[PDB]
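J.: Before I ask anything, here is the structure I am working with.
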Ligand SMILES: COc1ccc(/C=N/OC[C@H](O)CN2C[C@@H](C)O[C@@H](C)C2)cc1OC1CCCC1
Ligand SMILES: COc1ccc(/C=N/OC[C@H](O)CN2C[C@@H](C)O[C@@H](C)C2)cc1OC1CCCC1
Ligand SMILES: [Mg+2]
Ligand SMILES: [Mg+2]
Ligand SMILES: [Mg+2]
Ligand SMILES: [Mg+2]
Ligand SMILES: [Mg+2]
Ligand SMILES: [Zn+2]
Ligand SMILES: [Zn+2]
């Protein structure tokens, strides 16, 4: 019906994911993953029973929190679909193995599962059980990985059951490497290294990137999923506005818990003294544009339309801020 | 004192400041409470209860609970090993080249890290835990699986009734100590040894000393690097001890290794290097251990604190020759 038609846009930047969420009965992660697995022939390639895939996807989606405004199944579905588009970028054609593709997409799907709606720093500062378990280091990201993998153990949920032992081991390593790179405390180091990779990049005659060891390959996959994670401001304004609403709602909820606890309220988490437009322009200027302009460099000119949208949205958000 | 255990014992504890304290004797004389007894002694000696306002009964309660979470049926990675690493770190901290270098909080961190650094060790390796798809390796994504766990347990036990030995630290002190203890225990992961050593060599190359040969450390990076390597050295100090101690440590690690190999053999897995009781060369393996891991590390530490560690290095070399001479 009016879902198969929306899902026709699954290979396009700017898919109406919120509409897909509504139409699927709040199952955007399940429907979008299913669609992409079929589109990429992943069920056949890895002999994944279709009922197993769906069973896993639904239990995974169940473990995203409905009451968390941003870090929920819609965000997961969005990052999955964005990674799916980025994987098909011409500069990367025939570069990645089917296993590497599967790993990037699986990592995207689980990368925020069971997110509590508060930051690593909040969890550390409040002496949470999660921070105790993970010694204050990539607390959330370690946890997302543990839960994501743990769910494969549920009845008829092992989608990787027919991979070889070697394939499963390689897949597990890549997925861990990828989800740990979504920790924002690693952003500047990832970016610094990505800039250096761009500086020294190698391309075939056909113009596709040459990545001849695991380090270079996983580095590209890490940054790709990181870009997808940080892709909201590169989307059409109607979508970007919705993501901004959600992250500010989530932030203000954390800020309210901090205020109640007598804690200093984290930057951008105070509903009373916040500035959304200023916050987004700063987010684009200091994080999202520096990353995406580097990705654009890597795959030039594949990402120029995405960069254009980002730059237009920045100019849009800054337009109502008085300036000299 | 610290444990209502028999007699004394006090004569043995007179060696708490010396390399080659007889920790096994201490374990026996204390009713298998060497970690509690030795930690209590060191905290009193260094006046740490007064400095950090640690109630003595809180200290003893925590130490007993901590000690209870080292497995009695694990041959090597048990409470005696923890006590040994604690006591060895305590000796290393007092080396002349480090006089007045570390704050009392840094000293507390090193000693506390040493005490918890293998707690709840199951007697099998990280690689075994990964290969067998253990819940622990799933929890920690195959990375420093044991060492992350040791830290989690060591800190969690502070929350048991009357166990918070850090209750009278300031918020900042608690935060700093927590970071240092994590940095130190994660550095005991043997997978980090080569990198750790490489960086230690770099530090020795650019080492700054006063005229009395005392190290000049400039910042947290310097201080934590020395503490990480210090506790790593303590962890790898068995072959540098009086031979009778070393011989018992060797017997114990081989027993633990063989038990892991038995588990591997039973599950049809490739038996890990040095874990096959049916095909072992214990003496040869000790010489290889010294040549490729322990001597390169301790020679570098010896350089850092020259000449403070000369005797320790000499003993290492003598002990290498013992195992050499006993290869069949
Ligand atoms: C649409 O906009 C966004 C979309 C995603 C995100 C992604 N956020 O992931 C962050 C983690 O939860 C942790 N941070 C939370 C914060 C309270 O403290 C920081 C130390 C860490 C942010 C967006 O805009 C935001 C940041 C800039 C203005 C609002
Ligand atoms: C007295 O000798 C020793 C004293 C301590 C130790 C400390 N070991 O900690 C290691 C961890 O449990 C994990 N390893 C287990 C092993 C089966 O596989 C490795 C990949 C990692 C070792 C000693 O001897 C060694 C080398 C020669 C005989 C064993
Ligand atoms: Mg995340
Ligand atoms: Mg004597
Ligand atoms: Mg020992
Ligand atoms: Mg250990
Ligand atoms: Mg210095
Ligand atoms: Zn995310
Ligand atoms: Zn140890």
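If you go along the chain as it appears here, the first residue is 1 and each next one adds 1.
Every residue gets a Cβ built from N, Cα and C, even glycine.
The AMP binding site annotation in Swiss-Prot covers A:71, A:112, A:229, A:232, A:280, A:283 and is backed by experimental evidence. What Swiss-Prot records for A:71, A:280, A:283 is 3',5'-cyclic AMP binding site, and it gives experimental evidence as the kind of evidence. Annotation comment: Swiss-Prot describes A:71 as active site, proton donor, evidence class similarity to another entry. Per Swiss-Prot, Zn(2+) 1 binding site is recorded for A:75, A:111, A:112, A:229. Per Swiss-Prot, the feature Mg(2+) binding site maps to A:112; the stated evidence is experimental evidence. Per Swiss-Prot, the feature Zn(2+) 2 binding site maps to A:112; the stated evidence is experimental evidence. The Mn(2+) binding site annotation in Swiss-Prot covers A:112.
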J.: How big is the Cα-to-Cα gap, in Å, between residue A:71 (AMP binding site) and residue A:111 (Zn(2+) 1 binding site)?
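T.: Just about 10 Å between their Cα atoms.
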J.: Using DSSP reduced to three states, classify residue A:280 (AMP binding site) as helix, strand or coil.
T.: helix
J.: Starting from the Cβ centroid of A:75, A:111, A:112, A:229, the recorded Zn(2+) 1 site, name every other residue in that chain with its Cβ within 8 Å, sequence order please.
T.: A:71, A:76, A:79, A:108, A:115, A:182
J.: Would you mind sorting out which binding-site residues among A:112, A:232, A:280, A:283 put a C-beta under 6 angstroms from ligand 3?
T.: A:112
J.: What kind of secondary structure is residue A:71 (AMP binding site) part of, going by DSSP in three states?
T.: coil
J.: What residues, ordered by sequence, lie under 8 A Cβ-to-Cβ from residue A:232 (AMP binding site) and sit at least six positions away in the same chain?
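T.: Once residues fewer than 6 apart are set aside, residue A:232 (AMP binding site) is near A:78, A:239, A:240, A:243, A:244, A:247.
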J.: Find, among the binding-site residues listed as A:71, A:75, A:111, the one whose Cβ has the highest number of other Cβ atoms within 10 Å in the structure shown.
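T.: Output for this query is A:111.
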J.: Cα-Cα separation of residue A:75 (Zn(2+) 1 binding site) and residue A:229 (AMP binding site), in Å?
T.: 8
J.: So if I measure Cβ to Cβ from residue A:283 (AMP binding site) and keep only same-chain residues at least 6 apart in sequence, which ones fall under 8 Å?
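T.: For residue A:283 (AMP binding site), the qualifying residues are A:233.
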J.: Measure from each Cβ of the binding-site residues A:71, A:111, A:112, A:229, A:280 to the Cβ atoms of chain B, and list in sequence order the residues where some distance is under 8 Å, or 'none'.
T.: none
J.: Around residue A:280 (AMP binding site), how many other C-beta atoms are within 10 angstroms of its C-beta?
T.: 24
J.: In the structure shown, which of the binding-site residues A:112, A:229 has the fewest other Cβ atoms within 10 Å?
T.: A:229
